[PDB]
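Quick setup: one chain, the form deposited in one PDB entry, written in structure tokens, and binding and motion questions come after.
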């Protein structure tokens, strides 16, 4: 009442599970081979009936391409995203990822070749561009390599100014577009410490704040002699303001 090994089917291998005898009614399914994917709505299973006789079954395997290769720019559309049977002459449609944009002139579709390959994908999905970094007052923006999605920029200040904020920004995908990860920082005027007050002398028309390269002029009182640099200026070293040198002396 049992059947022997099931029939032979081209491009298909029956899943016996190590067994050699199959009891009546036992249903065996065939599994296609590499480069093969069972045709939809096509029987791939036999059923052992009376007289130790397996039912009838005809080739159900066809040649097909593997699942489209993952692309960083575009992702498959429905329902190709869940398919596996890519009979030759089949098209798969892609949809730009986040954050990439479609290149009108290029087709987002793909096709399956004879040696089981695909149509080399174009650049249908380009990288989304970021907003102009802008300008930094008394600072600079280093754009090593463009401002496209995944790009990076760095910040620096002009001599005499200190950096307050982020030293770099990234073009990251935000919502429906790419946006710079951090805000444009600020370059703060590095002010020098209030100039030293000297004995018997004064500061010719002082000042509220002394910045980089700004000088302080000194003047002795009546009956005193100036012995030294008539004035000093502000130097900046490591975002640190420092006076050029020692103030002058007002010898009596």
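Rigid core here is just the name for the largest C-alpha set that superposes within 1.5 Å across the two forms. Numbering follows the first chain given and starts at 1.
The same protein also exists as the form deposited in another entry; that form is not shown, yet it is the one meant from here on.
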Requested in this report: Tell me, please, whether between the shown form and the other one the C-alpha of residue 201 is shifted by 2 Å or more, with the rigid core used for superposition.
Outcome: yes
Report task. With both forms fitted on the core, give yes or no for whether the Cα of residue 54 moves by 2 angstroms or more between the shown form and the other one. Result -> yes
Query raised in the report: After superposition on the rigid core, does the Cα atom of residue 28 shift by at least 2 Å between the shown form and the other one?
Result: yes
